[PDB]
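Let me begin by presenting the structure, written as structure tokens, before commenting on it.
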Amino acid sequence: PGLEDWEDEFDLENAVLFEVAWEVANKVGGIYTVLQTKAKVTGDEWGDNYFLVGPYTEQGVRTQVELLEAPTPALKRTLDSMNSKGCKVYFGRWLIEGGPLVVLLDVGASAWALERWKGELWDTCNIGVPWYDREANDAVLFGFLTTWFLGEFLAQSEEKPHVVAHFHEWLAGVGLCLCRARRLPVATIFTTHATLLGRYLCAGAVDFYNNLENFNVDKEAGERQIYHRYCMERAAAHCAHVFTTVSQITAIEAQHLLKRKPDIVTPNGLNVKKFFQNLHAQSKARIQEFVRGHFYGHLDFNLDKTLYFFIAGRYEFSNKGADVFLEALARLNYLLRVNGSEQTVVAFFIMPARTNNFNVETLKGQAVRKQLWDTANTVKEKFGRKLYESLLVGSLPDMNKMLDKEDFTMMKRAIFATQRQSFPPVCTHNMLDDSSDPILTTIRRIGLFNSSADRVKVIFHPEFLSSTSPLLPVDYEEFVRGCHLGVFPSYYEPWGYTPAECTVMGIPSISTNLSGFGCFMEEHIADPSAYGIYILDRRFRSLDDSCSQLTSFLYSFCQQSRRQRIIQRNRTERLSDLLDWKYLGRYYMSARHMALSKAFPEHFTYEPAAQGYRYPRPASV
Amino acid sequence: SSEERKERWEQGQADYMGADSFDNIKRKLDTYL
């Protein structure tokens with residue numbers, strides 16, 4: 013089912029959508045990609061009545077925004093006015109798939125108003141940003157500039173349209189609060205993509221989710237010198253016609269930290285066109306060549322029985338669950354050894370870290386694999402030419418005479434290059450702090466040294482995968498498509514971008530019910546594991562018990578036949594439509610309709630989601 | 300109070316356990332809602 017026909021009974025009444033985010037036209041997070049990929053559907057629903065309001069940055073305009081003249085006289089008039097009133101407001105087209113119009117506000121250009129604005133802010137919300145907080149002061153400037161733009165756009169518009177302003181973090185929350193305080197006619201959505209407290213409370217506290225009700229949010233933000241940022245976020249959530257979260261776990265966090273249950277959850281959709294079995298085969302061949310190089314001299318395990326697990330994303334050890342994955346990898350190593358399995362699990366940790374360079378053993382192993390591959394290819398081409406020559410003369414090859422002295426010299430050189438005594442390095446790079454690295458510390462603590470006995474090899478690649486890289490000449494998407502199972506046992510993950518992209522790429526993944534993507538899949542798929550989606554229970558299980566469940570998931574994945582693994586990959590391939598904005602734009606549409614009805618009930622009435634996007638038991642299981 | 304409260308906000312953490320708690324903020328915001 014399409015997006016244009018969703019809530020088609022709703023008439024926007026020539027309303028104008030101002031989507032306000034600090035990340036509009038400047039990549040400072042993952043919300044930039046959310047806005048970029050959602051712009052297509054949003055502009056389809058709103059045409060040119062859709063404006064992304066961002067902060068002006070020289071890089072963003074240089075690279076992403078073509079500066080334009082306002083299409084309508086109202087926009088041009090407001091832009092000229094506030095440009096003459098001491099602000100520096102740019103208008104342009106964001107050079108992305110949607111081609112949306114962007115109002116960019118130079119917050120620095122209008123810093124002169126800061127003291128009169130933040131004081132004004134204190135006169136309306138009792139929120140006073142400390143001077144030393146650059147981001148909070150910039151948020152106040154951006155919010156006051158956005159509210160100025162909205163007021164001067166409604167004032168300088170004869171038709172006086174219905175304005176839906178959709179703010180996306182506490183950085184835009186100030187403008188939201190000012191829209192409500194000035195009382196100008198704006199239907200307001202507030203989407204929080206991550207509760208501000210949530211990050212600190214997960215990182216610091218031993219347990220954060222089960223203690224959500226037992227948190228003094230005011231006090232907790234107070235000890236961390238971010239009380240003003242917390243108050244800005246909570247006022248935006250409070251001063252919003254519609255409050256939205258990207259996830260149901262973020263919805264719980266916002267309920268217990270922003271003291272407002274989201275009126276709707278708007279999961280982060282994706283442009284699935286951007287992203293399976295033959296492509297997976299090529300990527301798996303490339304991973305297999307890398308593993309051949311990395312384990313040169315130690316290729317004593319069957320590679321056709323080798324499984325490629327990966328955990329990727331930002332190098333947040335506990336938030337991304339790399340600790341849980343490593344514990345489960347040690348337990349699965351024990352399981353595969355005691356069960357005497359011929360299965361091998363190479364688990365990749367693609368988590369960027371400060372690295373000096375590629376480890377010498379890693380680069381040497383890649384060189385050794387290249388040499389053996391070239392030697393085998395040269396000897397194979399010589400053998401093929403000689404064999405074709407022999408068969409052309411009706412002669413059966415005499416294999417003893419097929420290879421000459423030069424072939425044996427090349428092959429003996431290759432074999433000499435093969436010998437190694439040291440085990441393959443756990444990490445592919447030179448860590449600036451090997452002792453303090455959580456992944457390497459955990460690996461050396463649990464006993465995963467890529468030994469021959471270890472059925473689980475661990476390859477920590479503390480750097481993003483790039484095609485230009487010498488070690489792995491593969492970008493992240495192709496490597497992932499070559500893997501068997503993404504493992505993202507995240508503890509704190511308001512939305513799982515890495516597991517979501519893994520799923521869109523058709524790779525079975527392990528997420529958690531503590532992650533937004535994991536909750537979204539758990540509530541959209543009847544039997545997620547059937548579809549390649551393992552939802553680890555991290556809310557209601559201890560870290561040790563969650564490690565046990567992850568080991569169970571990894572072991573059951575290892576114990577699948579190749580036929581079962583293929584069936585499961587086909588199902589996860591089917592799952593990609595859930596994560597497309599063509600479905601997840603429904604929730605943004607309904608949030609905007611809800612806000613319009615709340616702010617303008619006389620003009621709009623809202624009639625309350631996953632219809633056509635439910636995945637029951639696969640018919641074939 | 301009031302202006303002194305604003306100056307305390309600007310210098311550092313305010314009385315997040317007292318007057319500058321989110322109760323007063325929520326009231327001064329609900330007046331707008």
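Residue numbers (the authors' numbering), protein chains in the order written: chain B, 13 to 287, 293 to 625, 630 to 642; chain F, 300 to 332.
Every residue gets a Cβ at the ideal spot worked out from N, C-alpha and C, and that includes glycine.
Neighbouring residues, chain B, relative to residue i (Cβ below 8 angstroms)
i, result
"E303(F)", "In chain order: nothing, as chain B lies at least about 11 angstroms away."
"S320(F)", "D230"
Residue i CB to nearest heavy atom of the ligand COA below 7 angstroms
i, result
"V141(B)", "Questions concerning the ligand COA fall outside what the structure shown contains, since it holds no ligand whatsoever."
Straight-line gap, residue i to residue j (C-alpha atoms, nearest Å)
i, j, result
"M522(B)", "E624(B)", "35 angstroms"
"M368(B)", "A517(B)", "17 angstroms"
"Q360(B)", "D471(B)", "11 angstroms"
"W390(B)", "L320(B)", "16 angstroms"
"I328(B)", "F365(B)", "6 angstroms"
"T458(B)", "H478(B)", "15 angstroms"
"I264(B)", "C99(B)", "39 angstroms"
"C251(B)", "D329(F)", "8 angstroms"
"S607(B)", "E19(B)", "8 angstroms"
"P142(B)", "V363(B)", "49 angstroms"
"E619(B)", "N138(B)", "32 angstroms"
"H240(B)", "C189(B)", "14 angstroms"
"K422(B)", "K399(B)", "12 angstroms"
"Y212(B)", "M538(B)", "26 angstroms"
"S565(B)", "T529(B)", "14 angstroms"
Beta-bridge partners of residue i, as assigned by DSSP
i, result
"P67(B)", "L117(B)"
"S528(B)", "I552(B)"
"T361(B)", "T323(B)"
"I367(B)", "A329(B)"
"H446(B)", "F375(B)"
"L29(B)", "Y62(B) and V176(B)"
"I542(B)", "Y636(B)"
"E19(B)", "None; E19(B) has no bridge partner."
"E510(B)", "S532(B)"
Collapsed DSSP secondary structure at residue i in the structure displayed
i, result
"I324(F)", "helix"
"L196(B)", "coil"
"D597(B)", "strand"
"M416(B)", "helix"
"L133(B)", "helix"
"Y102(B)", "strand"
"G140(B)", "coil"
"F621(B)", "coil"
"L380(B)", "helix"
"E81(B)", "coil"
"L282(B)", "strand"
"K429(B)", "helix"
"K97(B)", "coil"
"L465(B)", "coil"
Residue nearest to residue i in terms of C-alpha spacing, selected from the options
i, options, result
"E344(B)", "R146(B), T395(B) and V475(B)", "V475(B)"
"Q237(B)", "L328(F), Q310(F), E302(F) and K305(F)", "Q310(F)"
"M316(F)", "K231(B), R586(B), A37(B) and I276(B)", "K231(B)"
"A339(B)", "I460(B), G499(B), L117(B) and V114(B)", "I460(B)"
"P637(B)", "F220(B), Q168(B) and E540(B)", "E540(B)"
"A148(B)", "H178(B), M244(B) and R195(B)", "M244(B)"
"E495(B)", "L117(B), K301(B) and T200(B)", "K301(B)"
"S486(B)", "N223(B), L380(B), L64(B) and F312(B)", "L380(B)"
"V258(B)", "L166(B), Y604(B) and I542(B)", "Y604(B)"
"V176(B)", "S614(B), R579(B) and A630(B)", "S614(B)"
"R331(B)", "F481(B), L531(B), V355(B) and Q294(B)", "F481(B)"
"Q576(B)", "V115(B), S439(B) and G357(B)", "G357(B)"
"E31(B)", "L47(B), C564(B), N38(B) and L224(B)", "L47(B)"
"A33(B)", "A434(B), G42(B), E25(B) and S565(B)", "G42(B)"
"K286(B)", "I108(B), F220(B) and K97(B)", "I108(B)"
"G210(B)", "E225(B), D150(B), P197(B) and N95(B)", "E225(B)"
"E306(F)", "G131(B), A199(B) and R586(B)", "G131(B)"
Amino acids of chain F, ordered along the chain, whose beta-carbon sits closer than 8 angstroms to that of residue i
i, result
"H478(B)", "What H478(B) touches in chain F: nothing, since even the nearest Cβ is about 41 angstroms away."
"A233(B)", "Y315"
"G216(B)", "Those within 8 angstroms of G216(B) in chain F number zero; the least Cβ separation is about 17 angstroms."
Contacts of residue i in chain F (Cβ-Cβ under 7 angstroms)
i, result
"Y239(B)", "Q312, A313 and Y315"
"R246(B)", "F321"
"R192(B)", "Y331 and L332"
"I139(B)", "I324"
"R195(B)", "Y331"
"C243(B)", "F321 and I324"
Contacts of residue i in chain F (Cβ-Cβ under 9 angstroms)
i, result
"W143(B)", "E309 and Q310"
"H250(B)", "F321, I324, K325, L328, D329 and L332"
"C189(B)", "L328 and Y331"
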